[PDB]
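1. Pasting the sequence and an experimental structure:
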Amino acid sequence: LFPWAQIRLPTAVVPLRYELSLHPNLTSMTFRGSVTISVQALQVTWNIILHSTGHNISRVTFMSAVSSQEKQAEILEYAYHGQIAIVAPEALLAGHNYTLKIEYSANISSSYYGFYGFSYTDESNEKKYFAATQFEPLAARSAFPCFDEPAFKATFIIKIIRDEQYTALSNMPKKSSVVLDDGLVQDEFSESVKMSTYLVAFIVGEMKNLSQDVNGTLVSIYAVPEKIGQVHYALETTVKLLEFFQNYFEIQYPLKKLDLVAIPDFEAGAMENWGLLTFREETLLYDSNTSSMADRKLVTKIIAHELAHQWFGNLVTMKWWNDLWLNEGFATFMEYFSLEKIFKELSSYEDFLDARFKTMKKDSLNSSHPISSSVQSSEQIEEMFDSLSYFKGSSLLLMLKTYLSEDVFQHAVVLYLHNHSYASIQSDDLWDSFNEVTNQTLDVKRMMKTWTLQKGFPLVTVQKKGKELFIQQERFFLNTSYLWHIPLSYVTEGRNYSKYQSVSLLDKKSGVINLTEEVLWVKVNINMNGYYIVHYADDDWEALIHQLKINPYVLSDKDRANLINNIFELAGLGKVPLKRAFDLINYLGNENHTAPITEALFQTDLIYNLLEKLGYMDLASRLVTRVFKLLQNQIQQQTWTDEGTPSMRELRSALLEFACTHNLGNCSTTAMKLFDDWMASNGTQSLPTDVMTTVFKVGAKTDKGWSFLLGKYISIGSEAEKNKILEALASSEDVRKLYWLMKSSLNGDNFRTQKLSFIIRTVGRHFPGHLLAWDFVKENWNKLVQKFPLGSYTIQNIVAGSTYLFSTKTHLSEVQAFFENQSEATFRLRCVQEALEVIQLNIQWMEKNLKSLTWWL
Ligand SMILES: *[C@@H]1O[C@H](CO)[C@@H](O[C@@H]2O[C@H](CO)[C@@H](O[C@@H]3O[C@H](CO)[C@@H](O)[C@H](O[C@H]4O[C@H](CO)[C@@H](O)[C@H](O)[C@@H]4O)[C@@H]3O)[C@H](O)[C@H]2NC(C)=O)[C@H](O)[C@H]1NC(C)=O
Ligand SMILES: *[C@@H]1O[C@H](CO)[C@@H](O[C@@H]2O[C@H](CO)[C@@H](O[C@@H]3O[C@H](CO)[C@@H](O)[C@H](O[C@H]4O[C@H](CO)[C@@H](O)[C@H](O)[C@@H]4O)[C@@H]3O)[C@H](O)[C@H]2NC(C)=O)[C@H](O)[C@H]1NC(C)=O
Ligand SMILES: *[C@@H]1O[C@H](CO)[C@@H](O[C@@H]2O[C@H](CO)[C@@H](O[C@@H]3O[C@H](CO)[C@@H](O)[C@H](O)[C@@H]3O)[C@H](O)[C@H]2NC(C)=O)[C@H](O)[C@H]1NC(C)=O
Ligand SMILES: *[C@@H]1O[C@H](CO)[C@@H](O[C@@H]2O[C@H](CO)[C@@H](O[C@@H]3O[C@H](CO)[C@@H](O)[C@H](O)[C@@H]3O)[C@H](O)[C@H]2NC(C)=O)[C@H](O)[C@H]1NC(C)=O
Ligand SMILES: *[C@@H]1O[C@H](CO)[C@@H](O[C@@H]2O[C@H](CO)[C@@H](O[C@@H]3O[C@H](CO)[C@@H](O)[C@H](O)[C@@H]3O)[C@H](O)[C@H]2NC(C)=O)[C@H](O)[C@H]1NC(C)=O
Ligand SMILES: COc1ccc(-c2cc(OCC(=O)N(C)Cc3cccnc3C)nc(-n3nc(C)cc3C)n2)cc1
Ligand SMILES: *[C@@H]1O[C@H](CO)[C@@H](O[C@@H]2O[C@H](CO)[C@@H](O)[C@H](O)[C@H]2NC(C)=O)[C@H](O)[C@H]1NC(C)=O
Ligand SMILES: *[C@@H]1O[C@H](CO)[C@@H](O)[C@H](O)[C@H]1NC(C)=O
Ligand SMILES: *[C@@H]1O[C@H](CO)[C@@H](O)[C@H](O)[C@H]1NC(C)=O
Ligand SMILES: *[C@@H]1O[C@H](CO)[C@@H](O)[C@H](O)[C@H]1NC(C)=O
Ligand SMILES: *[C@@H]1O[C@H](CO)[C@@H](O)[C@H](O)[C@H]1NC(C)=O
Ligand SMILES: *[C@@H]1O[C@H](CO)[C@@H](O)[C@H](O)[C@H]1NC(C)=O
Ligand SMILES: *[C@@H]1O[C@H](CO)[C@@H](O)[C@H](O)[C@H]1NC(C)=O
Ligand SMILES: *[C@@H]1O[C@H](CO)[C@@H](O)[C@H](O)[C@H]1NC(C)=O
Ligand SMILES: [Zn+2]
């Protein structure tokens, strides 16, 4: 009978104001409260439709706004999409605003989705408690009934009951703090700005504060009393960023408050609820001693993403979930751009390039769907939060900032903000801004529409003849394609020391570029600022390889890695014989930059770990030796210390793990001593942070070391170190222990159920548990489906890791057979069809190139 039989809410009635009353017992885990909301209808509507999940609706009152009288209004719920309907006695007229107030009883969330409750152990055996809210993917339908759609934005005030010890907090700063009857306080806050449903936030817990307000801007990193001291790099960073993100955007923070919390749990999420920026406990903690540079990078990065959202995604709020990549892809770029401008020493470009590399090798699958995709149901909403969209969008924007000038980019942003600020937009509205900001209204951002509306990335083939280098765009294909406007870039040094670095654009299946001179070596997608792979003719490649042998530094550290990832993935599809890829990396004896080495070790090892599971253990042992032999001089020069560039230290972490995990050199010897020394201390000695994981793994093989380690995981609280140990515990070769850890984590007896994906991933990569990991998933799937969603990131990471190294048709038949028998819904999942595709492609890698490497001896 419910009038709106469409998922998207009615475009008629509209909210203007929001006030909220709530009573959180927490101990009961039950809560009752009142809604207060303002509506100014714009089309005549007898019925009003709003969102509402699971409450006790007691009384229903309508306000005509002509008098102080309220009026009973029969209520109807649909819930399938999740809606409620008010049959107002007085029909509605445009500009005839009315008052929305309702009262509900409800149960606090057992899950970590909505208004939820979680109990935590004190330093003492005190079971203290905490509550909060996370409703980003349309969850605030529950708790306060409302217009969950991010279009219907509004101002928000919220008043809730508390206890005196509990320091309650919310989006807006505090105003009224009365003391009611029963010895219970009712803290209140100011009216929020116009904002969407999901950015709201209520939190009630026992937390201290570290503050350092600046320029009329108050910063506070609330946390549980057990820390309130490890939250200093956050403050030092979160202050410095809010200046930078203020200067670029040329808009100040609207609120006066900025509160960065620390939800004391691990099943949390990092959101950007305005004013109170939720975070997981351990997401922000760091010591200038002890913690690794990678640990420092995550805090200096996860801040920046969540921080910049307060502007982009909070002021400007997407109308629908079509452009969640608009928010995520933007701030993720700001992460690795904010870091480059201020924290340049972190060398965060090495982290950006790797993710873009890993991104492309997942986007080049048929399972990939276009970045912009129609959304009409809840599974389509939640499927849109995949990590690939966040990063592909991060690449496209970088490509645009690479093409159009960087200040042109900045001028484009501010107009995009100010014009459509405090409001809903669409993805096109960002593009329109770029055309206006461009000096010519030419270069319409339709160029972007090429990519946003179609899956996959372009493949660019470059064949050069004299002073004419040609181009031929083509789809990356596995042995549609509706064009790609491609911001091509290139560099040439054809005359001796002649330096040419330019830009172009291809809108056609073919194109050619003129060369001012005859050039000898030429590259494309300079520093890989664009989303494409560049093939060369056989001669054109062979030119570039020689330059790596002579002066490999004429290119950039970014550029070299783009070649090395590009050439290896090509040979894996038979588009180039594999031998030339190793012929390329035969320069690696004279490289001093981390990113060229990191990616090569990834592609080298992938063959090693791939060849091993098939059984050519001899060949892979020979393969790793040659890689060692090239970079051997680099390995011997490394110091087992925590000293150097954060970039430079990253190279130490990788290279050593190579030498030790393949038992190459004295890496084994120099490590085991350390583990023996560290174990002697009851864990009370300095282990260098950068080499800690390698050393833990080198010892765990010994039953003494594994026994020593497992007890330390159950004691200490440095979860970063703790997880670093847990890696090493699963790098043993006693298969018996590996079944225990997995089986333990699944029931979460001495571990926790969350960490299970770390093991099934970890056990699979190393040969001993390769066949063991898949069997745990197969034989324990129903608990993996009872203890997780069927489409969870857990499930996808597990299914990929248990299968991504297979490379026999027999294994592929077993995989597809198992899922198919389980359920048809299980078979059409993204996580499986991707993995089946990987096994097929893995088979082709052998078919295209296995025999030639067997002769490579
Ligand atoms: C956690 O948050 C608390 C919140 O208060 C914060 O407390 C701080 O305490 C200092 C104590 O010195 C406050 O210092 C202020 O000094 C100015 C003048 O320099 C005063 O105006 C302030 O209030 C006084 O004056 C008011 C005049 O209208 C009176 O109405 C009032 O009763 C006071 O007499 C106050 O003395 C400081 O303002 C607060 N707040 C902050 C953000 O510093 C505490 O510091 C925070 N935790 C940490 C670790 O910083
Ligand atoms: C330097 O590189 C530039 C690229 O910026 C390139 O200039 C281009 O040369 C081609 C020559 O083929 C031009 O292409 C023509 O464009 C006109 C535009 O109206 C078309 O009508 C033509 O159509 C057909 O012509 C041929 C048959 O007569 C076909 O073989 C051809 O495939 C077409 O189907 C044709 O496309 C292009 O306009 C220019 N663009 C500019 C900006 O100059 C040039 O090749 C390089 N420099 C030199 C000196 O060659
Ligand atoms: C949720 O409802 C429960 C009742 O079901 C409330 O429990 C009450 O909690 C308060 C403190 O939160 C207790 O008061 C304390 O008593 C001790 C011992 O006398 C005293 O030392 C403390 O200073 C404090 O006064 C109270 O005893 C307890 N109720 C009962 C019957 O024992 C709870 O407060 C409610 N929570 C919220 C957020 O409203
Ligand atoms: C500020 O915001 C306004 C809207 O609030 C922007 O207006 C939009 O401006 C573009 C400029 O080209 C218009 O594009 C044109 O749209 C028509 C209809 O689709 C199309 O036929 C044309 O070819 C062209 O694409 C656009 O329609 C217009 N409105 C909307 C709803 O998109 C304005 O550009 C923003 N910026 C500034 C600096 O004002
Ligand atoms: C890794 O090894 C390469 C090997 O070439 C190093 O390149 C060298 O870099 C230094 C520092 O920039 C250059 O020193 C100066 O270069 C400028 C030209 O940019 C020149 O005008 C100066 O007279 C001086 O030579 C050096 O030239 C350059 N090598 C060559 C052969 O030109 C690179 O710096 C090393 N990186 C690290 C981190 O060690
Ligand atoms: C690398 O470091 C980062 C990067 C990103 C984040 C991040 C996390 C986040 O939470 C989304 C979220 O967890 N669910 C909607 C919950 C959910 C999803 C699916 C199924 N069931 C449930 C309960 N949301 C965001 N943001 N922010 C904006 C403006 C838009 C988005 C998507 N970013 C954290 C840390
Ligand atoms: C709170 O959760 C309970 C849990 O099911 C919801 O349902 C009640 O559940 C209990 C325990 O199983 C049953 O004994 C009752 O018969 C259920 N009914 C009622 C009326 O609560 C309950 O619906 C939830 N609270 C609200 C307000 O929906
Ligand atoms: C909820 O409201 C109903 C309305 O009929 C009332 O009878 C009931 O006592 C309330 N409580 C619960 C727990 O549903
Ligand atoms: C309320 O409605 C009137 C007309 O009745 C309209 O002019 C006004 O803009 C609305 N504003 C508020 C704040 O409710
Ligand atoms: C405060 O703002 C002014 C103007 O933007 C600027 O000169 C100054 O550096 C800012 N200082 C801090 C600490 O934010
Ligand atoms: C460890 O950090 C503390 C706190 O900042 C600092 O005072 C101390 O000097 C550091 N330890 C060493 C050995 O430098
Ligand atoms: C590729 O994926 C699309 C959905 O995006 C699907 O319709 C099609 O059947 C798939 N094709 C292959 C060959 O996997
Ligand atoms: C390993 O130990 C032997 C001890 O004789 C030594 O000769 C060798 O130099 C050591 N390792 C390296 C990397 O040099
Ligand atoms: C070693 O450390 C553990 C964990 O703190 C503790 O239980 C044990 O008593 C310690 N033993 C010695 C000899 O220090
Ligand atoms: Zn985000």
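-> Thanks, I have it. Numbers count the residues shown, from 1 in each chain. Ligands and ions are numbered 1, 2, ... in the order given.

2. Contact residues of this protein facing ligand 6?
-> For the chain, the residues in contact with ligand 6 (C-beta under 6 Å from any ligand atom) are 113, 136-137, 269-272, 302, 305, 309, 313, 324, 327-328, 382, 385. In short, each C-beta sits where N, CA and C put it, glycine included.

3. Which of those residues sits closest to ligand 10?
-> residue 309 (20.0 Å; C-beta to the nearest ligand atom).

4. Look up how far residue 179 lies from the closest residue to ligand 1 within the stretch 451-600 of the chain.
-> Residue nearest to ligand 1 within the stretch 451-600 of the chain: residue 594 (38.4 Å; C-beta to the nearest ligand atom). To residue 179, residue 594 is 58 Å away according to C-beta to C-beta, to the nearest Å.

5. repeat for residue 572
-> For residue 572 relative to residue 179 (C-beta to C-beta), the value is 69 Å.

6. Comparing these two, which residue is more hemmed in?
-> residue 572 (22 against 10; other C-beta atoms under 10 Å).

7. got the domain boundaries for the chain?
-> 1-207, 208-456, 457-536, 537-857 (CATH domains of a matching chain).

8. Can you measure across the longest one, start residue to end residue?
-> Translated: domain 537-857. In domain 537-857, first residue to last residue: 27 Å (C-alpha to C-alpha, to the nearest Å).

9. and what of the second one?
-> Start to finish, the residues bounding domain 208-456 are 48 Å apart (C-alpha to C-alpha).

10. check which helix or strand covers residue 17.
-> strand 15-24 (DSSP states H and E).

11. so, in contact with ligand 7 or not, that strand?
-> No: counting by C-beta under 6 Å from any ligand atom, ligand 7 is not contacted by strand 15-24; separation bottoms out at 13.4 Å.

12. which parts of the stretch 101-250 of the chain sit against ligand 7?
-> Residues of the stretch 101-250 of the chain lying close to ligand 7 (C-beta under 6 Å from any ligand atom) are 105-107.

13. taking the residues you listed one by one, which sit in strands?
-> 105-107 (DSSP state E).

14. Could you pick out the residues of the protein near ligand 13 for me?
-> Checking the chain against ligand 13 by C-beta under 6 Å from any ligand atom, the hits are 636, 665-666.

15. Let's have these in CSV, adding secondary structure.
-> As requested, those are exported to CSV (DSSP: H, G, I helix; E, B strand; the rest coil):
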residue, secondary structure
636, helix
665, coil
666, coil
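
16. Could you give me the ChimeraX syntax to select whichever of those are buried?
-> In ChimeraX syntax, the buried subset of those is picked out as below (16 or more other C-beta atoms under 10 Å):
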select :665
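
17. residues contacting residue 768?
-> Contact partners of residue 768, counting by C-beta atoms under 8 Å, 6 or more residues apart in numbering, are 732-733, 735, 738.

18. Mind telling me which residue of this structure is nearest ligand 4?
-> Among all residues of the chain, residue 419 sits closest to ligand 4, at 3.7 Å; criterion: C-beta to the nearest ligand atom.

19. Contacts for the helix or strand encompassing that residue, please.
-> Counting by DSSP H and E, the element that carries residue 419 is helix 406-420. Outside helix 406-420, the residues that touch it by C-beta under 8 Å, 6+ apart are 248-251, 311-312, 315-316, 400-401, 404, 429-430, 433-434, 436-439.

20. Please state the backbone phi and psi of the residue in the stretch 351-500 of the chain that ligand 6 sits nearest to?
-> Taking C-beta to the nearest ligand atom, ligand 6 has its nearest neighbour within the stretch 351-500 of the chain at residue 382, 4.1 Å off. Main-chain dihedrals, residue 382, degrees, to the nearest 10: phi -70, psi -30.

21. Which residue, other than its chain neighbours, is closest to it?
-> residue 137 (5.5 Å; C-beta to C-beta, 6 or more residues apart in numbering).

22. Tell me which residues of the longest helix that the chain contains come out buried.
-> In the chain, with assignment by DSSP state H, the single longest helix is helix 830-854. By 16+ other C-beta under 10 Å, the buried positions in helix 830-854 come out as 830-839, 841-843, 845-846, 848-850, 853.

23. go on, stretch 408-422?
-> For stretch 408-422, a neighbour-count test (16+ other C-beta under 10 Å) marks 409, 411-414, 416-417, 420-421 as buried.

24. same deal with stretch 532-545?
-> Quick answer for stretch 532-545 (16+ other C-beta under 10 Å): 532-536, 540-541, 544-545.

25. next one: stretch 751-763
-> Buried residues in stretch 751-763, defined by neighbour count with 16+ other C-beta under 10 Å: 751, 753, 755-763.

26. sorry, back to before: name the residues that touch the helix or strand that the strand holding residue 17 is followed by?
-> Scanning forward in sequence from strand 15-24 by DSSP H and E, the next helix or strand is strand 30-39. Identification of contacts with strand 30-39 by C-beta under 8 Å, 6+ apart yields 13-25, 48, 56, 97-108, 115, 144-146, 154, 157, 160.
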